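Alright, two takes on the same chain below, each alone as structure tokens: structure 1 and structure 2.
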Structure 1
């Protein structure tokens, strides 16, 4: 298996994750896991096996 990623760019602008909140009561932000951000973003074999990547969030209010 051969993976060749040849990139040739010029004046690139990248915004990976942008969250905006305003005038709320409860604000819970959960960003993570395998978030890859770049100008040449490569992600090979993120999970290889019985492993697990999770970004769960819990909210309990009685």
Structure 2
């Protein structure tokens, strides 16, 4: 039983980023592999992957990830 559950129940500044760059090489979430069996990537949140990466008020509610990998059994 691989169960994920999420509930969100609502009974309802300045951010300056000045970037000046030359030759920007960016890798974010990388999985490099040879001779694998499983390559699982779950993103319940945020992956902000700029050369200028700004993430404001981003992952702000009720996230659930349930990963079951392998299980030769």
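Numbering follows the first chain given and starts at 1. Between two forms, the rigid core is the largest collection of C-alphas that superpose within 1.5 Å. Shifts are known only where both forms have a C-alpha.
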Check: If you fit the two forms on their rigid core, which residue out of 23, 45, 15, 10 shows a CA shift of at least 2 Å between structures 1 and 2?
Finding: 23
Check: What is the Cα shift of residue 33 between structures 1 and 2 once the core is superposed, in angstrom?
Finding: 2.2
Next item on the list: Once the rigid core is superposed, list every run of three or more consecutive common residues with all C-alpha shifts of 2 angstroms or more between structures 1 and 2, in sequence order.
Entry: 20 to 33, 47 to 61
